[PDB]
Structures are given as structure tokens and as C-alpha cells.
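Notes for the one structure printed next.
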Amino acid sequence: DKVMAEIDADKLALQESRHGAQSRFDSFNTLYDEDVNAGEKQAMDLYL
Amino acid sequence: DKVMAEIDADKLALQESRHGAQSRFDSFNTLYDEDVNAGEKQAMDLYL
Amino acid sequence: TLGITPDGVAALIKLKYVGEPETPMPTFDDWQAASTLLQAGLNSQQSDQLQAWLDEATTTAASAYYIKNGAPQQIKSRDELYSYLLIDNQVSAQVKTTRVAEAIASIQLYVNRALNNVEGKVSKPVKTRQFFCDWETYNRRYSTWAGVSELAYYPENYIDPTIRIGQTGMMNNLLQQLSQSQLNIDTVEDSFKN
Amino acid sequence: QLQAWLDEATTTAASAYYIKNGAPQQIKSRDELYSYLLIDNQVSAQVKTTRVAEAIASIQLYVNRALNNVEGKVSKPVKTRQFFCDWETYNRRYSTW
Amino acid sequence: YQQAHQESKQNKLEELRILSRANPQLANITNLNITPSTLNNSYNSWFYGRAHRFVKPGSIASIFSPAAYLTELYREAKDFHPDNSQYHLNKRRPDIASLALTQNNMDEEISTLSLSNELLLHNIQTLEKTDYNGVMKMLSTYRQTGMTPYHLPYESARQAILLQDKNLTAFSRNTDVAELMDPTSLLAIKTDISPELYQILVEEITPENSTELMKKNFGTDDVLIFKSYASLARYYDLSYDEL
Amino acid sequence: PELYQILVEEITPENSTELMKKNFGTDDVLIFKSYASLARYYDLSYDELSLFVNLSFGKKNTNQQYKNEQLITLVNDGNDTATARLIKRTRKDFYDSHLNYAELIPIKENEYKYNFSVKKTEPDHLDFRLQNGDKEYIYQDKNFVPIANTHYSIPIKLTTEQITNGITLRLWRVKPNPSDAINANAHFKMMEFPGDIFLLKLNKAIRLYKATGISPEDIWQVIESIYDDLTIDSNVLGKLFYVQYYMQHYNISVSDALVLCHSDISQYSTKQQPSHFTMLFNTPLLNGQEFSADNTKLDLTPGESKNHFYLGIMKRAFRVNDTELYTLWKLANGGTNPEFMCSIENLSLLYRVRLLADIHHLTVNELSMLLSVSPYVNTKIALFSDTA
Amino acid sequence: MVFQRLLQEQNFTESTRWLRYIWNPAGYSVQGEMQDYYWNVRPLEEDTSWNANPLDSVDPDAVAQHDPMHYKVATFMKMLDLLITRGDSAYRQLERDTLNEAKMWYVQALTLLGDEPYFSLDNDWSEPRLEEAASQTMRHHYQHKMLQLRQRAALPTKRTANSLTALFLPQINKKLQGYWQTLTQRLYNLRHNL
Amino acid sequence: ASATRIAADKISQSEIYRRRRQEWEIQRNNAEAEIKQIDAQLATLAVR
């Protein structure tokens, strides 16, 4: 029984790793989906 | 039988690690194969 | 452990070097019979290994025999025999190359040796054709030669709309005005008016 | 699995029969039958699409084939409406429309 | 020279202008208003269907094929030497002139050193006017040069034995049949001693047999036949350290 | 069931125009007129169409007209029937060792043209001969050396009986010195049909290829193994089932299943893939010279051969010892060794017993034991039917 | 140049406009009525020799100026690039409404292309020797025949043997074949659930 | 000369923004491979 409970707590640890990997992927995806910022595009236009 | 199925799912996890290592290698290789960009070479020529 | 019959074992022992007298010397056909007897007892991996080893031995036999018996008098080494025959006799048998690529490499070696006048007497008026004026940059390798001939036949593959030999200063200034990461319709129309 | 396989077999039976027996004389291949009927008879049965999206894709294929005059005789005065002057940028897809 | 060069340039231009409009890809393309160059019939009538005959990419027949590159290479390279010179291409390599430009010779990936072996053995056969088996018979018994005799059935047999029983453990196990085997014969198994090489090693050298055996093992008499360390090391394929 | 009725019906010269209506509709054989219409009608690639049809179109721009070692040559003016002449080259002994290609092209009736190209020319022979199965020299021109890699054309007068039966032309280069005469021979066999019956046979052959996905040379081989004159039948369909079932059952190849299904070792080669015969015997060339299926007697008792070339070639090709080869031949004749001719018809059924041992993961000694305790102790495997 | 830069910065709806400024397969609406042409450049409609002497150096722009048909073909290839990259940007989003857009772009590119040349190719080659194929006499006779072609030579109607048998054959360009292959691969992946 | 200098600065800023976006794409692909791998590890943990 305690062996099975150890398996359960290890699964909980794995879920808590997967949540942070998910948040990092979502943050990098929403970083990638906007190539330039509004201020970055403004600075490009001002240089031009 | 369940032990053997665990071995199979671990092999699936290893394949899914290898796929991302492959994509990272291919992306770094196609980054390395173009040393300068068109705009980077243009900026070099404009400085000159 | 030899994969044959005990009569074959007796035939191998009958090829003794020094043994009993009144047994005749082992003939070349006798050796060939023993050779195919041992040669039939291998699988495909050992057969390919034996064949590669036999080719790599018969090349250094036959090249030395050809240097000794029939060759021009200047040939004295295997490298000189390579420099003559334009095919490498020292390459181990893992390397594969088709016949047209071997002939291409042979003629290219002959041309690169004749251009530096390492041979006997190079005909100097033949040396100054347009094909050999373009030898150093285009005609030395098949890839650049085919690229030049494709640029002749289909120039549509090689034209890019950005660069061009002879584009004007207004075109270059437009390209400077146009090379950003972000191109709006208003930006490109202002650049076109400029 | 059997139903999907039977659909993917009966399409390449029925399309060949329709090309042979009843069709305009120009139709000779399955791609030409697709170019006529505006519905793809070569799609394997894992792909799902509602009826209004199929009709939208059919009419959009008909418009993109009629604009390049691949058909028999395109009526040129109908080609220059404002809806087709804005075809290339707005009206080609439902999202931009 | 300038007029002939101008004529050649305009001939290439007219050929390019003819062939670049008779492309089979550019026939069924919608609203690309391309007419043929009004000399396509003249090109097909002069050269019998050449503009009618376009070839697949990657073919042996193509003008960008390695066969076309080799053809241009040989046509421009066969004049570096006079014809009677021993360094002329057809004289040093008559095989390369009569090579059949086929798809099999283009794509059939044979190993190199097989071409070298076939070329050397064909040259030895053409020199000595015998068959391949006769060439191997004469090469199994040639004693005049170094790295030779070369007994090819013996080499095949000893490599087969070395592949099957490495390190001769059957000799160590089966001692009652190891009694029948000769130690010099097992030496010839484990390292290369041809029967002719064994005859060379086993013969005794008397002061009487000296000049005859020098003919049998070298050819020429008159002991100064090497005259230098370099010729000796080249004749026996030795390093300076091994010499 | 309708496809089986299409495949199983026989095509007479009487039933020709009716069955052409039943399987095509329109008569008047020129109903395709082009390779593109044929490939579009049957949904074939150009490569898959090239397995069957190799016409006389585009003759002048080549010196080799045979595709996949076969050639159809339809002649006009046969009372407006347009009879076709299918000729299949078979690539017999010393084909790859002495020549590039060797094609026999019909010009007219009893009027044939021999096209070939000698590889590696021999200056010291000069005596060109051409016999058929060592019967009579058809063409013989003394003092003539065919130079290397050159397409020669030789006219050959050949009877319809000799060409409809399988002929084996034999190109010679004999020397006037009594030394070696270089032999090089290929085998030809023509087949002639009227156009409608030819179209119906081609229709059901292409439909069988489309149905089964099996090779057209393979269906030629299984129809040659049972019948003659290419009549698709229920026995052919049964053997074509059994090659597929054995190929799925064991992990054998197509020709490996062919040998098991009472066919012979195939000598059909291509530029894509070599023949199964030369793959089995001569791909690692043993003593340089190749193995040629000559009718040369060889006693397979392990001490009385003295012809070590064919013996070592058979032992390497069957991966077998001398004793194991002898008991393999003894199993093939029911415990006896009558005579071994070293023919292809002996190499097949010598290879059948070896395959029978190997696909059931048995050694040949174990196969001899298991047959010794079977009800097949001293039976004749050489005299079996396909059902047996 | 502007269209190429807008393609590289992926402003698709403006890149297709700047391509409409030169090529429109749908004709042009001028004062409410349609036009009879499809190329907005008159030296592209009528092939004007921009550049006499183009082969003095290796320049694809010089050859395409010597005849603007190559510019026309490169414009068509740029249009195919635009259509297949619209299809690829639609395909990478993996929504079943976007897959219909991707199939629409690939179908539009395919119907702009037409039919792939499949059976019209030769696969037909009388294989000579290299000694036959590199005949300088035959090459000179070919150039003499070309000079007779441009001087029109009265077409002597003496049906002789084809002495130009070993001539290498013209080859269709690699890039259009690559377009055909990638279009049929895209439609094969789209007609399944790949 | 000052105008083409600042044009070189403008094109340099455009290219460094493009390289920043490419690096974010690398990070996003790595995190997506990571979340797939941890999901398959959750699968083999359920099997165990």
C-alpha cells in the first residue's frame, strides 16, 4: 500500500513539472506570435 | 505483461525527446549555414 | 570448424609444404580446387570480406608486375603509376564510384597535371582556349560546370528581384529604404514616391 | 474501419463509372472530374467538413477557376463587379469577408 | 577570330531562343502568352525532332548530365599532347575512349579498385597475349620483382582459413590431427608464404649455383643492380628504417 | 465474381470480336491510340505500363528497343487484322560477360535482324558464327572482329516454327588458332496473336496485375510453369494464390516462393534488379568466371566429382556441404542418385529441398530424419505434381 | 523588388497587389471594361531585345534582357512561390477551415500550372561511345547546320542519314519539376489527414 | 554619409529583431518537446 502511495506522489511531482513546462511554452509562444512590439515598430519607423 | 508495456511507454517518451533534439539541431544547422542575413550584409555594405 | 568434409580436410593436408617424399608438388589447379573448397564454406559477410581482401592484395601484386614488365620507363612507384593511369591503385575496397565519375576524375586529373606542365610536352596553343581560361573557376568540377550551363539555358532560375549587376543608385536607395522587418502599405508607398 | 474502406473504394468505382457513362466529353481523369464537380473525390475518409463549408469551398473553387478563364466562356462584364474587384483581398475567404 | 566568335555567340543565342520556347512545361500554362519563335519548324526539319525531343531531368541523355560534361571534357582535353606521345589520352588509357555513355555506366555504383584491377589485368593480358588464368599462373610464379610471386588460390585459401579459424585454436585443440600438419605449413597459413616463395626461401645458395640463382631471382647478373638505398627500398617497398 | 468471369474465360479466334464487345464495347482495335490513353484508362504509371507494352514507336533514336527484355511488333496488312508479335529475350549464359545487349528484331516474315554489341572486343578470334542450340550456324562470317561497344546489325533468316518455339541464338567468336572459342548465347521466344485477342489478353493481364499487385514477369512465370501459350486459368490462379500465401507465411522472396510453388529459378534480369539466378549463383563471382547452366554431367557422390567449379558454386549457392548436397540430391530422387546434368531443371528441385529444410528452420540432416519417419520416405520429389 | 521584399516580410495581401501591377492572369479592368492582355509591361508583351551581346559575361539578367521571355517565366515562378507559401502558411495552422484554404491555394497553383509533362518525354537514347560523342567533326557539322538554319539554306531536301546521332538532348528545368513535385506532395498530404 | 549611416543602424535593428524572434522560436520548440516528453512520462507512470 505504501509503495502504491509513493507511485501516486511521484505522479504528482511529474504533474507539477509539466505545469511549469506548459507555462514556459505558452509564454514563449505568445512572445513569438508578436514579432515586433508597438514601440519596436515605432522605433523602426522613426529610424526610417 | 504490464512490465513490458511500461518498457514500451518509456520508449515512446524517449522518441519524443529525440524528436525535439532533432528539431533543435536542424534549426541551429539552418541558422549556421547562413552566416549573415540579407539585411545584415546590407548593413555591412552601408557602413562601408 | 572449417565448415567442410573430412575428405576436404585430407585434401588440405595433402597440400603440405614439406611432407613425405614421392608425393607430387601441389599444382596450381590443385590449389584452386582447395581454394574453392574453402571458399564455398563461408557466409555472405565472410565472402565479401574475403573478396575485398583479395582485391586489395591483387592490386598491389598486379601494379608491381605492371611497373616491372610493361610501362613507360619513367614509372617506378605506385604513385607514379597512379599519375600515369589516372586511377588510384591504392584505394581500399570500401570506396565506390561509378564509371562515368571515374572517367571524369581521370580526365580532370590529366587536365590538372597537363596545365602545370608536369607531363612530357604540353601543347601550349591548346592551353589557351576559352574552356581552359574558364577551367579554374567553372570547368574544374561538374557542379559548377552544370551551374554555368543551367545559367545559360534557364536564366529564370537565377534571377532574384533584389540584386542585379548594373542596378542604379535610385534602385539601391529604394532597397535601403525598403529593407526592414515591417513594411506597411503607407511605408512602401512613401518609399515609392521617394 | 470497414465503412471508411468501403467509402474509399466506392468513390473510385463510381467516379470512373461517371466519367465513362455520364459526363461532359472533356472530363477524362479524376482531377478533371474534381475540377468539374468542385468536390474532391480523392480525399480519404478521415477528413470532415460540414455541408455549408463544402458548398463555400465549391463556389470558391468555381470562382477561382472562372477568374483565370480556365472554363469555357467566362462572361467578362460580370467579372468586373466590386465584389470581384475585392475578391483577391477580402471576399476569397470567410474570415476576411 | 572575332567574326567566328560572334557567329558562334549568335548561333548559341538562336538555339537558346528556339529551345526556350519549345519547353513542354510551358505549353499548358494559363495566360502565358508565349509564341514559338517561328523557327521551331526549321529546327525540327534541320535536326530531326531535336526540339521535339525533351528529356527528363537526371537522365543520361541530358545536356547537363555528367556524360555531357565528360564529353565536353574529353573533346577539349584530347589535344594536350601529340598523338604519338606516350602521355596522350588514347595511348595511355584506350578504355576511356570507347566508354559507352549509358545509364548503367552512369548509375551502377561499382566499387573503385575493381576498375583499377580490371584495367591492370586487362593491360597485362594485352601485353602478354594470354588469358586471365594464364596471367594468374604466371603471376603465381614470377620471382624477378619484389612483392611477387602472388599465388591467388593460396591467398584465397589462407584468408578463408583465417576468417573461419582465427588464431588456429583447432590446431591447439585437436592435437592428434595437429600431428599430421606441418609447422611450416601452419606458418604459411598464418602468414603469407606462397609455394613459390617457399621454394625461394628453402633453396640453398652454393658458390656454384650463385650466378644461375641470381638470374632466377633477379634476372640480370652483375651485382651492382640497385646502386642506392632508394632503389632498394623502392624495389622491396621498405622504409629507410626497415632498410 | 465478374472479374473472375473476365479472367477465366478463354479467347478463341471465333469468340474474339464478341468478347471484345463484351469487355470493351467498341470493336476496331485502335481504341487507345496512345500510351497516355491506355494508362489513363487503366490508372497506370508509365513504369507500370512499360512492364507490358513496348511498341515499335521511336525506333530510330535507339539501338535497344527491348524494354524489360521484351518487345511487341505489330505488323499492318495482315488482312487488316494488325497481328502483334511479342518477342521476349531471356538472357542465357555469358550474356553479361561478353556483350552489352543482344536483340533479335523482326523485319518481315521470315526476315529477322540481329542487333548486338560486343563488350570487351577480342582481336585474336575474327571468326563470327551464330548457331541455335548448337544445331546449325545461321550466320557465319570468318575474318570479322566485332569491336567494343558498337551496335552491329546482322540479317538473320529464321523460320516461324523455330521462332515460335524458344530458340537460343549463340554468338561465337572462334579463333583459327585451336585455342578458346568465346561462347555467348541468349534465348528468344516469340508469340503472335491477332489484334483483338491480343487486346483481350492484355486487358485481363493488366486487370490481374491491378488486382493482385504481383509482377507481370511473375505471372508470366507461373503461367509458363503450368500451361503454354499464356492461357490464364484456375490452376494459374491457385498457384498465384500459393506464391502470395507462402510469401506472407514465411518471409521468403517472390522467386523464393516461386521455387516452392513448382516453378524454376528465374533468369529474368533487369537494370533495376539482377536476375534471381545470377543473384543466387554469380553475384559474388567465385573464380572470376561465371556459372552457366550447361548440361554437364557431374556425379554428386562426395569423392568422384573432380569438376570443382560447379561443385563449389553449388555448395556456396545452396550453403551446404558435399555430403549434405549429396543427401539433398538423394532426397530429391527417393534415396537414389541417377544422374545430375547441372541443368536449370535440376538446380530447381535441388533448391526446392534446401528451401523445404530452411523455411521450417530445419537442417538437411533433420529433414532427412523427418522424411525417414514420414509417409514420404522413398517418394519421388522430382516426379511430384503441384498438389503433391 | 517591392513584391519580393513584401514576400520576404510576408505581407501577402500587398505582395499579391504588387504582383498584380505586372502580371494578372484574370486580365485588367480599364475604365470599367476588361482588357485583351495579361502582362502590364509592353516590352514583356512584345519581346524587345533589351541587350544585344548578352553572352560576353555570365549574367542571367543579361540573357533575360536579351529576351524578356525569361523575365516572364521568372515572374510566373514568383507567382507560384507566392501561392504555395500562402498554402503553406495556411497548412501550418492545422485547423480544418484553414485546410480548405490551403487546398484552395494548392488547387489554384495547380490550375495555374496545368498538366505535368509526363509521356511527352523521350526516355530514348542511342548510346554512343565517348569517341563517337566527342567528335569534333560532328560538332563542327552541327554548328555549320545551325548557320545554315539562320541563313535558311533553301532546306536542301536530300534526305541523308542523321550524322548528329550522338547529340545530347535538351533538358527541362529542375525548378518547375520541383514545383510540380511539391504541389502533388502537398495535395497528397492534404487529401489524407496528414 | 550621416543618412546612410543611420540607414545602416535601421537595418541592423531590423535584423537583430529578426534574430530575437528566431531565438524565441527555438525556445518554443524546445518547451513543446519538453511538455510532450513529460506527458509520455505521465503515461508510463500510470502504467507502473
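A note on labels: chains of the C-alpha cells are A, B, ... as shown, every chain counts residues from 1, and ligands are counted from 1 in their shown order.
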- Message: Neighbouring residues of residue A:41 were defined as those with any atom within 10 Å, considering only C-alpha atoms; residues of the same chain fewer than 6 positions away were excluded. Please report them as a list in words.
- Response: residues 35 and 47 of chain A; 180, 181, 182 and 183 of chain C; 14 of chain H
- Item | stretch 127-144 of chain C environment, 7 Å, only C-alpha atoms, sequence neighbours closer than 4 positions dropped, as JSON, numbers by chain | {"C": [108, 123, 148], "E": [66, 69]}
- For residue C:111, the nearest of the candidates E:162, E:230, E:115, E:89, counting only C-alpha atoms: E:89
- Task: To one decimal in Å, tell me the separation between atom CA of residue F:164 and atom CA of residue F:27.
- Result: 27.7 Å
- Please determine the contact residues of chain E with respect to chain G at a cut-off of 7 Å, counting only C-alpha atoms, and supply them as a PyMOL selection string. chain E and resi 11+23-25+28-31+42+53-57+61-63+68+71-72+74-75+97-102
- Message: as a PyMOL selection string, please: every residue in chain D that DSSP puts in helix (DSSP H, G or I).
- Response: chain D and resi 2-20+30-37+51-67+78-80+82-85+87-91
- Query: Which residues, written as a PyMOL selection string, have at least one atom at most 8 Å from residue D:43, with only C-alpha atoms counted and residues fewer than 2 positions away on the same chain left out?
  - Reply: (chain D and resi 40-41+45+47) or (chain G and resi 191-192)
